[PDB]
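The form deposited in one PDB entry is given below as one chain in structure tokens.
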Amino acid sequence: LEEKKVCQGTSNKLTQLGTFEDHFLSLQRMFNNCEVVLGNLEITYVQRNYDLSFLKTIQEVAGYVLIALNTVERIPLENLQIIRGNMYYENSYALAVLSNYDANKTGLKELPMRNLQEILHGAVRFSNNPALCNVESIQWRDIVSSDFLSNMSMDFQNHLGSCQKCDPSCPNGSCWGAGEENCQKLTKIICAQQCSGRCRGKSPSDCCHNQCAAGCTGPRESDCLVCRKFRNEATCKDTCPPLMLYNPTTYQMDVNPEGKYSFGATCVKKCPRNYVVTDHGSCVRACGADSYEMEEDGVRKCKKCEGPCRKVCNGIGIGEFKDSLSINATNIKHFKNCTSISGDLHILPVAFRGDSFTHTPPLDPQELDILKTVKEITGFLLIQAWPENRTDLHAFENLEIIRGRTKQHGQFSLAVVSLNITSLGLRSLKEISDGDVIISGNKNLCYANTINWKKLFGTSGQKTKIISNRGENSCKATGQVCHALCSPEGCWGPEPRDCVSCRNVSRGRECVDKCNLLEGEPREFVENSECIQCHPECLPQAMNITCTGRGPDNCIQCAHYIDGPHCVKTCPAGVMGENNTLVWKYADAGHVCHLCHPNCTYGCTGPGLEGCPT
């Protein structure tokens, strides 16, 4: 596996997922055989005789690393190498060990974290481990970032001393718990005076590259162990090589034969489909308010918006929506005219039930119709509660596409679980670009197995999980099946409004069998199996088709007066026109209109001036 098997990492930090055996199995499958934690590394609440031998593969972490409240023996984190600390525990620390003991003080004995060599951000903390040995003689000035040394909070009293001292073969006997290889291997406070960063020896000829984050095998950028910034499957760069160089000999941007895009932290050749490309060459999730995503054939970047600008709308979890977790009955008014949603949408029963802890009143169950104007979701849609009165998602009937930028769980982009709704109600879903979808745990819900989700999925690799829904025969042998005046597949409910494709004509939206070609007062005409209404001013042809399109010249026999390519109810009778002149017609028996004699302004009725008074 050239690419590192990534895992998601928890974000609970103070919770119990069931019972002790339940907390450990959930933690097991969550971290079993993963080599990069893209989140946090809570290892809380393990107990004696369990096995944490599956932590022998964690190599990097992208957030704080909590280890708290677990009475257990060694936690074999013998391969952690860097804690990028992108998010701090308690706003300060990035490796926080707190209270690893019982009411008998037989807690966390040892912690062979030997390979840890840099914590790119945040302080550290090691409080209250009554039986913890040799994690008191380590250099918290070599590992910790040289800025946060004021927030360190080491405090420990191993007043139940039972651990030996280890082989005296490494600096100051700085030992990570036992043995000789189990002791420190530092690479910052033995480097030469003229070393840029870390090193590998003591000579001034062996400083490491300026972009390595924990030691290096060689003196070259292609020899770092962990890239401090963007990587390239190669030399750990500092910023992806731009697309166009400058060539200051001739003042014009000459392109680069090695330009690549910055996808978070990587240099890729091309941005993914669901990601906004930028002129700078950087896959992003959105762009400034002075723009909007103009589709450019799958390379859909965003240009400046001229004059009025499209109403982009920040979803939940971003910006000011941080202390909120669902659509409280205080942040619902902020979705009034949001035709799109930059972010994602959460609906949880706390909104309808009311949160005293957050001090938000319950939500008006009918206020959800404000979300009707929503047309595109950038992230995911998570629904876990809808009022029992309504029988369908009566607020997302206009939703068109779910991009899938910031997807839930690193997973499913549409989640409708634990509902009581008979018909789904998403009549306008056309594509879900990237993600997955689960609709399950709905007793009285059907029509969800008829749709062909395989078409709605943009990229390849997505998959659905639809179980626990109302059974096949409980729907089949009760009448509530797919409509007969609809496609053999792709239907969202009984009513004619919503069943995707049609086998016959359709009044714009509704699949019907036969529209008004021969009878009916508003007549229509079929084009590409979508018949559209036409003028009433044409004559109703009781024999054949009564119009040949939409415009006025498409009346088989226009019952009113015909002026060349135009027939109207009454031919113009003094309409102001172009070139600053007046168009004046008249009426006769043969029912044709021609220009009047320009003598009388009042308009003629016949030849010359005899009809109109002069």
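Between two forms, the rigid core is the largest collection of C-alphas that superpose within 1.5 Å. Each residue number is its position in the shown sequence, starting from 1.
Keep in mind that the form deposited in another entry is missing from the display, and what follows is about it.
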Quick one: lay the two forms over each other on the core and tell me which of 304, 229, 514, 409 moves its CA by at least 2 angstroms between the shown form and the other one.
514
Core-aligned, is the CA shift for residue 460 between the shown form and the other one 2 angstroms or more?
no
Any CA movement of 2 Å or more for residue 546 between the shown form and the other one, core superposed?
yes
Superposing on the rigid core, is the Cα displacement of residue 25 between the shown form and the other one 2 Å or more?
no
